[PDB]
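The sequence lines fix the lettering, A, B, ..., with proteins before strands; numbering per chain opens at 1.
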Amino acid sequence: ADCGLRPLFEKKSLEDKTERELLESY
Amino acid sequence: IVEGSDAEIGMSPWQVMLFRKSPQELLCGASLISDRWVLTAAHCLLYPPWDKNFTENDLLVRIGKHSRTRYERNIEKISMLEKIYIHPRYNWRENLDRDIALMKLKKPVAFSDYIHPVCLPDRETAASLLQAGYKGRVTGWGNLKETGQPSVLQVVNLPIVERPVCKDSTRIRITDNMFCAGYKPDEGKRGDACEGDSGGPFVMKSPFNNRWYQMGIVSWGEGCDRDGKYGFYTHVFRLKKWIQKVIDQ
DNA sequence: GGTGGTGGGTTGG
Ligand SMILES: *C[C@@](*)(O)[C@H](CCCNC(N)=[NH2+])NC(=O)[C@@H]1CCCN1C(=O)[C@H](N)Cc1ccccc1
Ligand SMILES: [K+]
Ligand code: NA
């Protein structure tokens, strides 16, 4: 319903240090 | 977490800590999957070779933590355990096959920015993301190195290794209810889960929907962050049948 | 301290 969306990353519309790193692997 | 870094606040809000009541001590990690449900590893409450038969009122659950110990006032929610569902065919004897367990809390938890659940992979996302060479996050307060006690939640990103490599990377029996992930010796990059991270989630952020998905559960390994050695996790989706069964209880 | 070592933090006195 609202899972997997961090209310201070995905929800505050923000990247962490290395979600970029994760993305680039796909 | 071995060869990792400190966490950013609420980058794993679904990160759950299994605490023991007396003596007050950490056991391992878990994952917030629902509002009243938490998912961990079975060896973390039931491993007879280590004389472990933990009951409901033997354990606490600490959600939305960051500092490993000090009670974060007005931030962490401490919950009680109502029911513990461990997989019946959990092969604890040989190779921690079906190393998985679920936890019904006394009653549900209110979410903050520090408390928020992770998604479970569907039929599609599982096949889509769980290709070897793809990266996934692992969290926990586990050992910094095998003997390693971090004051803050530790984070690592690791690629999935293909079934062949894992199969013979060890003399231990490998199944599809299990997947190995970590770094080849050559890769120059290091990383692995260590003892204490158990039950912690192998999460993958989906590119379609920016939602996070728990793909794995820190299960076992041989040592920590060793060359030719990869962290083994419980294959989540290949158990999503039993997972669904006991939530529809 | 309660729960660290500094005021708030990420959360009160
Ligand atoms: C309980 C968890 O903290 C821990 C996970 C270790 C993950 N770290 C690595 N190395 N990737 N689990 C264990 O320590 C498990 C439970 C029982 C023993 N064990 C091991 O990893 C042994 N070292 C090997 C093993 C023994 C029996 C069955 C499977 C593996
Ligand atoms: K204080
Ligand atoms: Na490794």
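Base orientation of C:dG7: anti, since the glycosidic angle falls outside 90° of 0. A syn orientation is assigned to C:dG4, its glycosidic angle lying within 90° of 0.
Rounded to whole Å, the separation between the P atoms of C:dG2 and C:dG9 comes to 23 Å. For the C1' atoms, the distance linking C:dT6 with C:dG1 amounts to 13 Å, nearest Å. Taking atom P on both C:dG5 and C:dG13, the two are 23 Å apart, rounded to the nearest angstrom.
To the nearest angstrom, P of C:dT10 lies 14 Å from CG of A:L14. Atom CD of B:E76 is separated from atom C1' of C:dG4 by 13 Å (rounded to the nearest Å). Rounding to whole angstrom units, CG of residue A:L8 and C1' of C:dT10 are separated by 10 Å. If you measure from atom NE2 of B:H66 to atom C1' of C:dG5, you get 16 Å, rounded to the nearest angstrom. Note: CD (B:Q149) to P (C:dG4) measures 14 Å, nearest angstrom.
The list of disulfide bond (SG atoms under 2.5 Å apart) pairs with a residue in residues 181-227 of chain B, not counting sequence neighbours, reads B:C194-B:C224.
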List, with names and distances, any nitrogen or oxygen atoms from the protein found under 3.5 Å away from nitrogen or oxygen atoms belonging to nucleotides 11-13 of chain C.
| from | atom 1 | to | atom 2 | distance (Å) |
| --- | --- | --- | --- | --- |
| C:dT11 | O4' | B:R73 | O | 3.1 |
| C:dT11 | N1 | B:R73 | O | 3.0 |
| C:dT11 | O2 | B:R73 | O | 3.4 |
| C:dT11 | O2 | B:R73 | NH1 | 2.9 |
| C:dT11 | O4 | B:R70 | NH1 | 3.4 |
| C:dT11 | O4 | B:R70 | NH2 | 2.4 |
| C:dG12 | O5' | B:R73 | NH1 | 3.2 |
| C:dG12 | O4' | B:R73 | NH1 | 2.8 |
| C:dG12 | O4' | B:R73 | NH2 | 2.7 |
| C:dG12 | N9 | B:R73 | NH1 | 3.4 |
| C:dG12 | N9 | B:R73 | NH2 | 3.4 |
| C:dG12 | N7 | B:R73 | NE | 3.4 |

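Stacking status of C:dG5 with C:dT6: stacked, per the base-ring test of centres under 5.5 Å and planes under 30°.
B:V161 belongs to a hydrophobic cluster whose remaining members, ordered by chain and number, are B:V165, B:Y230; membership requires side-chain heavy atoms of ILVMFWY residues under 4.5 Å apart, directly or through intermediates. Annotation for B:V2: hydrophobic cluster partners, listed by chain and number, are none (ILVMFWY side-chain heavy atoms under 4.5 Å, direct or chained).
Between B:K240 and B:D122 there is no salt bridge, since no side-chain nitrogen of the basic residue lies less than 4.0 Å from a carboxylate oxygen of the acidic one. Ion pairing between a basic and an acidic side chain is recognised when a charged N comes within 4.0 Å of a carboxylate O; B:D227 and B:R190 show such pairing.
OP1 or OP2 of C:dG4 has not a single side-chain nitrogen or oxygen of B:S67 nearer than 4.0 Å.
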Under 3.5 Å donor-acceptor pairs involving side-chain atoms of residues 180-189 of chain B, not counting sequence neighbours:
| from | atom 1 | to | atom 2 | distance (Å) |
| --- | --- | --- | --- | --- |
| B:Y183 | OH | B:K135 | NZ | 2.6 |
| B:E187 | OE1 | B:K184 | N | 2.6 |

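Using a 4.0 Å heavy-atom cutoff across all strands shown, B:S151 reaches no nucleic acid atom at all.
Qualifying salt bridge (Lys or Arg N to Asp or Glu O under 4.0 Å) partners for A:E10, counting only residues two or more places apart in sequence or in other chains: A:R6, B:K205.
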